[PDB]
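Enquirer: Below is one structure. I have some questions about it.
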Amino acid sequence: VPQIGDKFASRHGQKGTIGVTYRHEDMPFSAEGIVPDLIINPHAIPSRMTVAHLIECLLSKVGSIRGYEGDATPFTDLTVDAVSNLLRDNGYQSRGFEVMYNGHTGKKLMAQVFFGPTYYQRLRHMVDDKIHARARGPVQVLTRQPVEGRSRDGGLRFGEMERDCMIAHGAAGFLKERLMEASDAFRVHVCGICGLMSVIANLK
Amino acid sequence: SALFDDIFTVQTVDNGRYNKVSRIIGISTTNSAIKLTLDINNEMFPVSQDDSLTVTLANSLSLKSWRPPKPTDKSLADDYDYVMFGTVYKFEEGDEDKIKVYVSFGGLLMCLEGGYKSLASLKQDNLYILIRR
Amino acid sequence: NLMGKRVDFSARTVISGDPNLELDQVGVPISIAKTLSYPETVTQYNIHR
Amino acid sequence: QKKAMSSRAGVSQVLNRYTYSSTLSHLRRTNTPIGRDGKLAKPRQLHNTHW
Amino acid sequence: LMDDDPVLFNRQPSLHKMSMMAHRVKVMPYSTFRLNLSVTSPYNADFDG
Amino acid sequence: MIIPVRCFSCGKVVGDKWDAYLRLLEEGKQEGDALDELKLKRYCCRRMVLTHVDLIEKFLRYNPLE
Amino acid sequence: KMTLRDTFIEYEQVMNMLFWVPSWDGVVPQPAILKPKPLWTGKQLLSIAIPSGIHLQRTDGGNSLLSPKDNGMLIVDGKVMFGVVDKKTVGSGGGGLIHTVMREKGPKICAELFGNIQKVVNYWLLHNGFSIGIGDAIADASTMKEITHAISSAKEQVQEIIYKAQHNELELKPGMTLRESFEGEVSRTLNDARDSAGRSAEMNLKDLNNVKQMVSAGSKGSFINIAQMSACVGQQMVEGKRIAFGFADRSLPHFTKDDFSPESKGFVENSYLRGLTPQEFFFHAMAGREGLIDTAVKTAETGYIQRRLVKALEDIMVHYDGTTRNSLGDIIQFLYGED
Amino acid sequence: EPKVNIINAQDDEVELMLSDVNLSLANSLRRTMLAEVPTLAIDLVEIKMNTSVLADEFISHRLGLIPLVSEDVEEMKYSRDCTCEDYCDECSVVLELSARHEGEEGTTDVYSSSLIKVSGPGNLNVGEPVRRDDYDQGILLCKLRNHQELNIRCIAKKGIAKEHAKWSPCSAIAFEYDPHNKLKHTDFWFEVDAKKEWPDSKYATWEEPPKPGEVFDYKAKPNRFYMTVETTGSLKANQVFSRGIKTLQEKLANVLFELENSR
Amino acid sequence: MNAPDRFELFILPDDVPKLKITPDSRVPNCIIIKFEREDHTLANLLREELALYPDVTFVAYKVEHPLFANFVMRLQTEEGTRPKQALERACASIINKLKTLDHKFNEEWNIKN
Amino acid sequence: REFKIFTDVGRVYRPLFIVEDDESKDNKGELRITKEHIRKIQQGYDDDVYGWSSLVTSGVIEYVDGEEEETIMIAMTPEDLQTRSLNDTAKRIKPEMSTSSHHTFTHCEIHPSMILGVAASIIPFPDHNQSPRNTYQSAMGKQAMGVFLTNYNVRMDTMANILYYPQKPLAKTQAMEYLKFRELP
RNA sequence: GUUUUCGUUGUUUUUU
Ligand SMILES: [Mg+2]
Ligand SMILES: [Zn+2]
Ligand SMILES: [Zn+2]
Ligand SMILES: [Zn+2]
């Protein structure tokens with residue numbers, strides 16, 4: 001079942017995750033009291049520039065009102081203006097705008113909202129398959145360090161650029177404990193003459 | 001508290017990009033060379049060209065968290081038609097007899113340019129502008 | 001293994017927008033804030049909590 | 001297997017049934033096994049002959 | 001890990017030292033990282049996963 | 001497969017119309033007028049029935065273990 | 001949408017944002033408009049979220065003191081006199097308001113003002129809302145035909161250049177060979193076509209048009225974006241070049257040999273509204289794949305560049321003396337930035 | 001002072017004209033009827049034996065979505081308000097289903113008629129599944145192949161749209177006012193002109209068309225509010241409306257209660 | 001695996017109250033009221049009702065977080081009436097309005113069908 | 001001064017509608033395949049079978065490779081077959097035909113929308129959006145959730161995903177019809 | 001019984 005953070009995409013490259021889920025009463029409604037299933041960011045259009053998404057939504061409204069399957073074959077002779085005229089014939093605004101009424105207040109939102117159906121697709125990426133926290137878990141047999149992989153309680157591999165940025169950040173103790181307590185740490189007994197680990201050691 | 005009093009005939013008006021506010025420019029009926037330019041909410045108190053408006057510049061309307069305006073507090077404002085609160089943001093101590101008092105009423109800009117001493121008392125911070133038709 | 005190696009008390013997850021949240025905070029899942037922990041030494045002031 | 005070296009890898013792969021198209025399109029790939037020995041954009045860039 | 005706990009905050013890649021930022025943990029539900037919009041711009045990242 | 005019990009966009013009782021919808025289809029009938037006959041007024045309810053894809057008939061034509 | 005001169009708010013909404021404003025002292029100031037009805041302006045609402053003690057002043061485009069366009073900029077002690085706040089001041093630009101709070105009050109105050117503006121904007125847009133529509137992306141037919149004739153005139157200039165080159169009447173450019181001069185000048189001409197069409201489309205953008213409102217707001221998008229969506233995409237320039245004749249002396253079998261005219265060499269004659277012909281669709285595919293491959297390739301080299309540069313100077317530190325030295329103590333510079 | 005002139009009425013759909021009320025109050029009422037009006041929906045499903053080719057979560061969730069005739073859902077006690085361990089009839093109506101197919105080549109169509117109300121605290125007629133109507137054999141639930149069985153028991157408890165759309169008394173509620181934008185609440189965004197690009201509502205005939213000469217009165221407030229309420233059959237339009245009104249009344253009463261409770 | 005629960009949107013926990021009033025000395029005769037288990041439906045209604053009260057000098061509310069069914073409402077009244085008392089008055093006024101609404105609706109429903 | 005025939009395995013061909021290239025008839029600049037052939041195909045058989053190989057071997061449609069393609073001039077749509085001789089902002093553009101007053105296109109594609117791919121035949125108007133976004137669509141289409149096979153249950157696979165309520169898109173292509181996307185949406 | 005026990009090579013595809 002979808003949850004905040006779940007990944008989805010359109011048929012126009014329009015990809016994103018869920019940011020928040022709101023119930024029926026809080027989101028604005030139409031003159032007929034109709035609310036959308038989903039809400040998107042306008043900022044995609046200036047940047048991502050998906051005109052075909054607009055054409056798809058318009059044709060979707062027209063088909064849903066008229067009750068038939070709309071065609072969107074590329075390199076065809078369809079014209080958006082005619083679809084707008086038909087939407088006028090559908091008794092709806094030719095450019096698809098319609099007054100929303102703030103769900104919290106019922107007040108007519110000043111702008112008329114372009115509001116209608118679109119065909120979207122669920123995507124394999126979920127949120128809860130990546131949530132993964134590790135304070136201490138299994139360690140690799142050789143490295144004596146936290147294992148890698150969300151399957152086996154993997155640890156966060158601290159990249160070298162992260163080290164460099166921490167160094168520029170003056171994080172001496174923080175990075176040290178990341179390499180001392182959060183990473184491998186063994187104590188040994190070395191010689192003062194040869195200066196090597198060549199010492200049979202026994203604490204007890 | 002009515003420091004300055006005058007009446008102006010409106011020579012030009014323009015809304016342009018803005019729809020609810022027009023900048024209006026007029027000459028004073030009482031004395032020429034007294035030019036008044038004010039941004040006004042048109043639909044709330046409309047004026048037109050050559051319109052004669054009774055302008056009053058007051059230092060204090062009380063004769064502080066703003067409250068629903070109680071009728072128990074009488075205002076010289078009630079004597080006028082459009083009343084607008086602002087801050088005198090530059091007292092233009094410039095020409096020999098042209099003080100150019102600029103007052104910003106929350107964004108609505110006003111230029112009262114005219115007589116040196118006639119506008120000298122307007123060397124204040126805030127201001128009330130009061131308009132009869 | 002030396003200039004790059006894994007650490008503990010580290011988590012990696014999705015990011016979401018919180019317009020009502022402060023700039024210098026991250027909305028942390030209860031899973032992350034629970035599994036990840038800090039060792040607080042028992043002192044005279046924190047003994048109760 | 002003895003000649004593990006100098007062997008091409010990927011010509012046969014597990015069929016995906018995540019979705020129906022994950023099979024159909026999967027059955028109509030083509031590949032150019034040149035390798036990144038020399039990066040180049042010509043093996044990756046669309047050409048008019050690809051029309 | 002309580003609320004307002006300072007934690008190192010890391011994204012890959014991390015070019016500028018401003019890509020390492022210490023945010024206060026705000027223990028709140030959902031399994032994402034809830035952030036301010038403005039703090040995302042220096043990261044030059046988005047919530048597309 | 002299987003029309004939703006409740007209309008996703010709206011929430012109207014819609015489930016007990018599928019057989020009726022097929023009945024309307026059989027007489028070489030237009031789609032929109034038939035949907036209107038099905039009391040489908042909101043075009044959300046309208047395309048929910050118009051564009052539903054039932055799939056159990058292929059699943060059921062599999063001979064089950066029992 | 002908020003700072004504008006003709007933005008008006010009523011007692012209830014005012015009081016609600018005041019409760020929303022973290023930096024409100026419980027004291028609402030006197031509304032600028034009082035009679036025949038108390039009304040409030042965007043500037044006062046801005047100043048509410050702003051803690052006092054901040055002044056800014058920037059003449060914009062040589063604007064006057066009476067600011068008829070609400071351009072310019074003047075905040076006094078946290079109160080905006082004139083001028084609409086823009087991303088040139090609220091963004092990351094130097095000398096900006098964020099710069100100002102950095103160099104006058106500190107980072108905590110900037111964090112506070114972020115929350116202030118963010119929550120008050122959440123309220124105000126939640127209650128107003130701003131969107132986009134197809135009618136916003138379209139301009140009246142007059143500008144559409146201006147676009148069409150601009151493209152046609154550019155095509156005629158292209159054909160003239162074709163004729164001059166094909167009869168060597170094209171005068172040689174300095175450091176630019178005859179055929180390549182032809183290609184480059186036609187490229188310039190067709191880019192001028194796309195930009196002229198786009199500027200016409202931008203001019204026909206209206207006040208309620210959320211497209212020009214988007215760019216003026218600057219939350220995203222730009223001039224060339226509108227130019228491509230509404231007017232025409234323009235030539236698909238790959239690595240600063242023109243789509244060549246991929247086949248034998250032709251870019252497509254639908255075009256002919258030496259088809260020097262724009263349609264056979266990658267100049268887009270459509271906008272994203274109109275949709276593109278299959279040939280020029282394939283040309284835009286050329287440009288898009290060019291961009292994606294550029295990014296993908298640049299990844300690895302930019303990476304190793306970064307790593308080797310980090311390795312290069314990993315220990316330069318200004319010592320307590322103030323001199324920049326190495327771990328050997330040999331001074332690189334006796335002082336940081338000479339100062 | 002609250003004035004209504006009901007344009008039209010029906011079991012599910014009603015068009016009302018609530019005049020002389022607050023916009024905030026009207027929206028609060030609309031929200032209350034949309035979410036806070038209780039109905040009955042299946043909240044627990046036991047599968048005793050199932051030989052179909054569909055997931056049991058599928059059929060269970062669908063069964064929850066089924067509205068139940070709930071004119072008396074108020075008398076039903078909540079699963080948390082009722083003190084009994086497990087379920088009793090007073091807080092839980094039991095439904096039953098048992099269907100088979102034997103004809104080899106064929107399919108048994110399980111309908112909401114098969115959902116048999118086998119409990120319901122006498123009387124409290126809640127739990128019988130809503131349908132289109134009687135001749136309609138019910139909401140279709142499953143399709144049975146050769147030797148396939150659906151045997152299910154169901155527990156329905158009092159609930160609201162706020163906790164699940166399966167308890168939702170309404171699909172959507174239409175709320176309107178000022179049928180000519182005479183109060184200036186929307187811009188009439190336009191490419192050419194504002195009045196002609198934007199149509200005239202079904203309530204344009206009801207209120208006066210604004211006088212072109214008449215300058216906008218900047219003090220008038222929305223007073224006449226048009227309402228359209230529809231139900232799914234679990235409740236009736238009048239029932240939902242009255243329940244919403246009374247529920248917001250008791251909400252205010254509890255607000256009072258806690259006000260003098262604190263003091 | 002971390003999202004919050006749904007019945008808590010109206011079910012009162014033992015530790016926190018439905019109504020938590022604290023004095024808002026920020027302006028005289030002002031208080032801050034924390035309504036748990038609440039949202040815009042009652043909040044905007046009470047806000048408008050108090051705004052219609054002449055004694056009420058400041059009235060506002062805010063749902064501090066949409067991911068929590070709760071809100072807080074700041075209420076200042078004139079020097080005569082207390083914010084809490086204005087709140088009971090607003091609640092009772094909306095009570096009587098709802099009574100009239102239900103009565104008129106029921107009457108004309110009966111006469112209609 | 002050369003000529004070359006290729007029959008080696010691996011050369012890929014597309015069926016081109018055969019516009020008469022020998023200038024000896026009005027069908028020059030028109031299609032040998034006509035509504036007679038279309039009707040015969042619509043029958044599914046021949047009016048004494050007319051299959052796809054029937055069209056191919058009838059000389060009205062032929063296979064072409066890229067090496068052949070660069071030596072042939074092809075018409076895009078049925079509009080520019082016959083060499084032709086206002087101000088609409090909702091139409092596309094064919095070659096200008098200003099100096100080259102004549103064009104004898106030796107062939108025409110069955111459909112320009114057939115330059116697409118199996119995934120590309122899904123997008124509603126992929127020609128009104130940026131090519132990078134078209135590529136992103138192509139990439140994401142294979143990893144989009146849906147319903148893969150009818151007997152998913154009898155298969156014991158590492159991962160299986162089935163939608164509760166598959167829905168046919170409101171916006172459709174015509175190659176969609178061939179893809180049976182109503183049946184596996 | 002406090003405590004308490006999995007890994008790698010190679011291969012493919014991937015993820016802003
Ligand atoms: Mg990322
Ligand atoms: Zn030694
Ligand atoms: Zn619907
Ligand atoms: Zn009980």
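Quick note on naming: the chains in the structure tokens go A, B, ... in the order shown, residues restart at 1 in each chain, and ligands are numbered from 1 in order of appearance.
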With a cut-off of 12 Å, could you pull out the residues of chain A touching ligand 3 and give me the nearest pair of atoms for each, distance in Å to one decimal, using only C-alpha atoms and all ligand atoms, ordered by chain and ascending number, as JSON lines?
Expert:
{"residue": "A:32", "atom": "CA", "partner": "ligand 3", "partner_atom_place_in_ligand_line": "1 (Zn)", "distance": 11.9}
{"residue": "A:33", "atom": "CA", "partner": "ligand 3", "partner_atom_place_in_ligand_line": "1 (Zn)", "distance": 11.7}
{"residue": "A:34", "atom": "CA", "partner": "ligand 3", "partner_atom_place_in_ligand_line": "1 (Zn)", "distance": 9.1}
{"residue": "A:35", "atom": "CA", "partner": "ligand 3", "partner_atom_place_in_ligand_line": "1 (Zn)", "distance": 10.4}
{"residue": "A:36", "atom": "CA", "partner": "ligand 3", "partner_atom_place_in_ligand_line": "1 (Zn)", "distance": 10.6}
{"residue": "A:37", "atom": "CA", "partner": "ligand 3", "partner_atom_place_in_ligand_line": "1 (Zn)", "distance": 10.7}
{"residue": "A:64", "atom": "CA", "partner": "ligand 3", "partner_atom_place_in_ligand_line": "1 (Zn)", "distance": 9.8}
{"residue": "A:65", "atom": "CA", "partner": "ligand 3", "partner_atom_place_in_ligand_line": "1 (Zn)", "distance": 11.0}
{"residue": "A:116", "atom": "CA", "partner": "ligand 3", "partner_atom_place_in_ligand_line": "1 (Zn)", "distance": 11.5}
{"residue": "A:117", "atom": "CA", "partner": "ligand 3", "partner_atom_place_in_ligand_line": "1 (Zn)", "distance": 10.7}
Enquirer: How would you report the residues lying within 12 Å of ligand 1, as a PyMOL selection string, if you count only C-alpha atoms (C1' of nucleotides) and all ligand atoms?
Expert: (chain A and resi 16-17) or (chain C and resi 12-16) or (chain E and resi 10-14+40+43-49) or (chain K and resi 15-16)
Enquirer: Selected residues, C-alpha atoms (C1' of nucleotides), written as a PDB file, in the first residue's frame, please.
Expert:
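Saved result, result_18.pdb, follows:
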ATOM      1  CA  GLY A  16       8.939  11.647  -7.790  1.00  0.00           C
ATOM      2  CA  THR A  17       8.219  10.281  -4.338  1.00  0.00           C
TER       3      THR A  17
ATOM      4  CA  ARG C  12      20.857   5.895   5.077  1.00  0.00           C
ATOM      5  CA  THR C  13      17.298   6.478   3.911  1.00  0.00           C
ATOM      6  CA  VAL C  14      14.864   8.458   1.765  1.00  0.00           C
ATOM      7  CA  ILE C  15      14.552  12.248   1.993  1.00  0.00           C
ATOM      8  CA  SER C  16      11.256  14.132   2.132  1.00  0.00           C
TER       9      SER C  16
ATOM     10  CA  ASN E  10      26.083  13.298   4.128  1.00  0.00           C
ATOM     11  CA  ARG E  11      25.131  12.892   0.469  1.00  0.00           C
ATOM     12  CA  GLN E  12      26.914  11.164  -2.402  1.00  0.00           C
ATOM     13  CA  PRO E  13      28.559  12.778  -4.206  1.00  0.00           C
ATOM     14  CA  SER E  14      29.914  15.444  -1.825  1.00  0.00           C
ATOM     15  CA  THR E  40      18.236  20.918  -0.173  1.00  0.00           C
ATOM     16  CA  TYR E  43      22.930  19.619  -1.703  1.00  0.00           C
ATOM     17  CA  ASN E  44      21.504  20.113  -5.223  1.00  0.00           C
ATOM     18  CA  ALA E  45      19.319  17.072  -4.587  1.00  0.00           C
ATOM     19  CA  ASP E  46      15.625  16.226  -4.755  1.00  0.00           C
ATOM     20  CA  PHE E  47      13.088  13.759  -3.387  1.00  0.00           C
ATOM     21  CA  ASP E  48      12.947  11.505  -6.446  1.00  0.00           C
ATOM     22  CA  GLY E  49      14.304   8.679  -4.301  1.00  0.00           C
TER      23      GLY E  49
ATOM     24  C1'   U K  15      19.987   2.995  -8.248  1.00  0.00           C
ATOM     25  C1'   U K  16      19.434  11.194  -7.884  1.00  0.00           C
TER      26        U K  16
END
Enquirer: Could you write out as JSON, numbers by chain the residues of chain C within 10 Å of chain G, counting only C-alpha atoms?
Expert: {"C": [19, 20, 21, 22, 23, 24]}
Enquirer: I need the residue nearest chain J from this list: A:66, A:24, A:124, A:43. Use only C-alpha atoms for the distance.
Expert: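 Closest candidate: A:124.
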Enquirer: Give the residues of chain A that lie within 9 Å of chain C; count only C-alpha atoms, and format the answer as a PyMOL selection string.
Expert: chain A and resi 4-5+17-20+127-137+143+145-148+154-160+163+178-179+181-184
Enquirer: Just C-alpha atoms for this one: save the residues we selected as a JSON list (two decimals), in the first residue's frame.
Expert:
[["chain", "number", "residue", "atom", "x", "y", "z"],
["A", 4, "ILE", "CA", 4.94, 8.79, 2.28],
["A", 5, "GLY", "CA", 8.12, 8.51, 0.21],
["A", 17, "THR", "CA", 8.22, 10.28, -4.34],
["A", 18, "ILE", "CA", 5.29, 10.91, -2.02],
["A", 19, "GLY", "CA", 5.90, 13.94, 0.18],
["A", 20, "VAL", "CA", 2.78, 13.85, 2.36],
["A", 127, "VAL", "CA", 10.64, 3.90, 0.97],
["A", 128, "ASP", "CA", 10.77, 1.11, 3.55],
["A", 129, "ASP", "CA", 13.24, -1.05, 1.59],
["A", 130, "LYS", "CA", 16.01, 1.52, 2.13],
["A", 131, "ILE", "CA", 15.31, 2.54, 5.72],
["A", 132, "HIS", "CA", 18.27, 0.99, 7.52],
["A", 133, "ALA", "CA", 19.99, 1.98, 10.76],
["A", 134, "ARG", "CA", 23.04, 0.32, 12.28],
["A", 135, "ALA", "CA", 24.52, 1.11, 15.69],
["A", 136, "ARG", "CA", 26.35, -2.24, 15.88],
["A", 137, "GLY", "CA", 25.91, -5.46, 13.92],
["A", 143, "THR", "CA", 38.29, -6.67, 8.19],
["A", 145, "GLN", "CA", 34.70, -3.89, 10.49],
["A", 146, "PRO", "CA", 30.95, -3.39, 9.90],
["A", 147, "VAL", "CA", 29.62, -5.45, 6.98],
["A", 148, "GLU", "CA", 28.30, -3.91, 3.75],
["A", 154, "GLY", "CA", 25.36, -3.11, 6.29],
["A", 155, "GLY", "CA", 27.18, -0.06, 7.56],
["A", 156, "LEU", "CA", 27.53, 3.28, 5.81],
["A", 157, "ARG", "CA", 30.70, 3.26, 3.74],
["A", 158, "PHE", "CA", 32.34, 6.60, 4.59],
["A", 159, "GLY", "CA", 33.72, 7.95, 1.33],
["A", 160, "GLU", "CA", 37.09, 9.66, 1.07],
["A", 163, "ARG", "CA", 36.78, 12.44, 5.08],
["A", 178, "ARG", "CA", 34.25, 7.15, 13.35],
["A", 179, "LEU", "CA", 37.54, 5.38, 12.69],
["A", 181, "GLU", "CA", 34.91, 3.24, 17.92],
["A", 182, "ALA", "CA", 32.67, 3.07, 14.84],
["A", 183, "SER", "CA", 35.43, 1.20, 12.98],
["A", 184, "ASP", "CA", 38.24, -1.29, 13.67]]
Enquirer: Neighbours of ligand 4 within 10 Å, counting only C-alpha atoms (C1' of nucleotides) and all ligand atoms, as a list in words?
Expert: residues 76, 77, 78, 79, 80, 81, 82, 83, 84, 85, 86, 87, 88, 89, 90, 91, 92 and 157 of chain H
Enquirer: Filtering to C-alpha atoms, could you give me those residues as a PDB file, in the first residue's frame?
Expert:
ATOM      1  CA  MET H  76     -23.764   0.848  18.053  1.00  0.00           C
ATOM      2  CA  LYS H  77     -21.028   1.236  20.643  1.00  0.00           C
ATOM      3  CA  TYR H  78     -17.403   1.675  19.624  1.00  0.00           C
ATOM      4  CA  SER H  79     -14.934  -1.203  19.842  1.00  0.00           C
ATOM      5  CA  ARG H  80     -12.979   0.960  22.314  1.00  0.00           C
ATOM      6  CA  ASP H  81     -15.968   2.520  24.092  1.00  0.00           C
ATOM      7  CA  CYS H  82     -17.535  -0.907  24.631  1.00  0.00           C
ATOM      8  CA  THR H  83     -15.905  -2.584  27.630  1.00  0.00           C
ATOM      9  CA  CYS H  84     -16.376  -6.209  26.523  1.00  0.00           C
ATOM     10  CA  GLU H  85     -13.406  -8.395  25.679  1.00  0.00           C
ATOM     11  CA  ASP H  86     -13.293  -9.516  22.032  1.00  0.00           C
ATOM     12  CA  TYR H  87     -16.530  -8.643  20.196  1.00  0.00           C
ATOM     13  CA  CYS H  88     -20.146  -8.558  21.313  1.00  0.00           C
ATOM     14  CA  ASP H  89     -23.121  -7.867  19.077  1.00  0.00           C
ATOM     15  CA  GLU H  90     -23.713  -4.399  20.550  1.00  0.00           C
ATOM     16  CA  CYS H  91     -20.342  -3.197  19.215  1.00  0.00           C
ATOM     17  CA  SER H  92     -20.067  -5.730  16.373  1.00  0.00           C
ATOM     18  CA  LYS H 157     -17.863  -2.045  13.964  1.00  0.00           C
TER      19      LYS H 157
END
Enquirer: What residues in chain B get the DSSP label strand (DSSP E or B)? Please answer as a VMD selection string.
Expert: chain B and resid 4 to 14 21 to 28 35 to 41 52 to 58 62 75 82 to 93 99 to 105 108 to 114 126 to 132
Enquirer: Can I get the selection written as an mmCIF file, in the first residue's frame, with C-alpha atoms?
Expert:
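Now in out35.cif:
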data_model
loop_
_atom_site.group_PDB
_atom_site.id
_atom_site.type_symbol
_atom_site.label_atom_id
_atom_site.label_comp_id
_atom_site.auth_asym_id
_atom_site.auth_seq_id
_atom_site.Cartn_x
_atom_site.Cartn_y
_atom_site.Cartn_z
ATOM 1 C CA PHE B 4 -1.409 70.349 6.978
ATOM 2 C CA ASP B 5 -4.663 70.951 5.123
ATOM 3 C CA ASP B 6 -5.203 71.369 1.391
ATOM 4 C CA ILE B 7 -7.407 70.423 -1.566
ATOM 5 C CA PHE B 8 -6.085 68.925 -4.799
ATOM 6 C CA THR B 9 -7.374 68.648 -8.362
ATOM 7 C CA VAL B 10 -6.336 65.318 -9.882
ATOM 8 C CA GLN B 11 -4.621 65.747 -13.249
ATOM 9 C CA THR B 12 -3.475 62.189 -14.042
ATOM 10 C CA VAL B 13 -4.360 58.647 -12.939
ATOM 11 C CA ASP B 14 -2.859 55.318 -13.994
ATOM 12 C CA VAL B 21 -4.396 50.484 -7.026
ATOM 13 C CA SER B 22 -3.803 53.506 -9.246
ATOM 14 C CA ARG B 23 -1.140 56.163 -8.869
ATOM 15 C CA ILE B 24 -2.863 59.557 -8.999
ATOM 16 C CA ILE B 25 -1.162 62.922 -9.539
ATOM 17 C CA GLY B 26 -2.852 66.255 -8.898
ATOM 18 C CA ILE B 27 -2.201 69.938 -8.301
ATOM 19 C CA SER B 28 -3.487 71.666 -5.170
ATOM 20 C CA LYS B 35 1.777 68.446 -6.216
ATOM 21 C CA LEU B 36 0.228 65.357 -4.631
ATOM 22 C CA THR B 37 0.969 61.883 -5.978
ATOM 23 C CA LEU B 38 -0.630 58.996 -4.121
ATOM 24 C CA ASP B 39 -1.162 55.303 -4.750
ATOM 25 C CA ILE B 40 -4.814 54.600 -3.936
ATOM 26 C CA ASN B 41 -7.032 51.535 -3.740
ATOM 27 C CA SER B 52 -11.148 67.791 -6.146
ATOM 28 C CA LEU B 53 -10.129 65.946 -2.981
ATOM 29 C CA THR B 54 -9.799 67.381 0.538
ATOM 30 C CA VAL B 55 -6.366 66.270 1.764
ATOM 31 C CA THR B 56 -5.254 66.540 5.394
ATOM 32 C CA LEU B 57 -1.865 65.517 6.793
ATOM 33 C CA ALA B 58 -2.103 64.681 10.500
ATOM 34 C CA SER B 62 -5.580 59.545 18.256
ATOM 35 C CA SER B 75 -10.949 59.706 14.505
ATOM 36 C CA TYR B 82 -10.299 57.679 2.178
ATOM 37 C CA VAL B 83 -7.895 57.564 5.132
ATOM 38 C CA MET B 84 -4.459 56.020 4.794
ATOM 39 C CA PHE B 85 -1.705 55.352 7.351
ATOM 40 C CA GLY B 86 1.965 55.515 6.483
ATOM 41 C CA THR B 87 5.508 56.518 7.351
ATOM 42 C CA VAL B 88 7.284 59.636 6.095
ATOM 43 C CA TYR B 89 10.435 57.987 4.766
ATOM 44 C CA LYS B 90 12.244 61.044 3.423
ATOM 45 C CA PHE B 91 11.827 64.719 4.315
ATOM 46 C CA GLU B 92 13.357 66.246 1.174
ATOM 47 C CA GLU B 93 14.958 69.394 2.564
ATOM 48 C CA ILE B 99 9.979 70.193 0.242
ATOM 49 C CA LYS B 100 9.245 66.820 -1.361
ATOM 50 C CA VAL B 101 7.742 64.732 1.445
ATOM 51 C CA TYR B 102 7.714 61.055 0.485
ATOM 52 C CA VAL B 103 5.417 58.847 2.569
ATOM 53 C CA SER B 104 5.006 55.093 2.189
ATOM 54 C CA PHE B 105 1.602 53.824 3.318
ATOM 55 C CA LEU B 108 1.294 52.907 -1.403
ATOM 56 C CA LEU B 109 3.718 55.701 -2.240
ATOM 57 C CA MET B 110 2.986 59.412 -1.927
ATOM 58 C CA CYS B 111 4.860 62.526 -3.033
ATOM 59 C CA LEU B 112 3.725 65.854 -1.599
ATOM 60 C CA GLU B 113 6.070 68.390 -3.193
ATOM 61 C CA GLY B 114 5.597 72.090 -2.597
ATOM 62 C CA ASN B 126 4.663 58.501 10.505
ATOM 63 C CA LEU B 127 1.698 60.291 8.963
ATOM 64 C CA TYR B 128 -2.068 60.063 8.522
ATOM 65 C CA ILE B 129 -3.495 61.220 5.183
ATOM 66 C CA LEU B 130 -7.213 62.009 5.185
ATOM 67 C CA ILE B 131 -9.301 62.554 2.054
ATOM 68 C CA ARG B 132 -12.759 63.970 1.524
#
Enquirer: Interatomic distance between atom CA of residue G:5 and atom CA of residue G:36?
Expert: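 For atom CA of residue G:5 relative to atom CA of residue G:36, the distance reads 18.7 Å.
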Enquirer: Do you know which residues are at most 8 Å from residue J:134 counting only C-alpha atoms (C1' of nucleotides), after dropping those on the same chain fewer than 5 positions away, and could you put them as an MDAnalysis selection string?
Expert: (chainID A and resid 12:13) or (chainID J and resid 126 129)
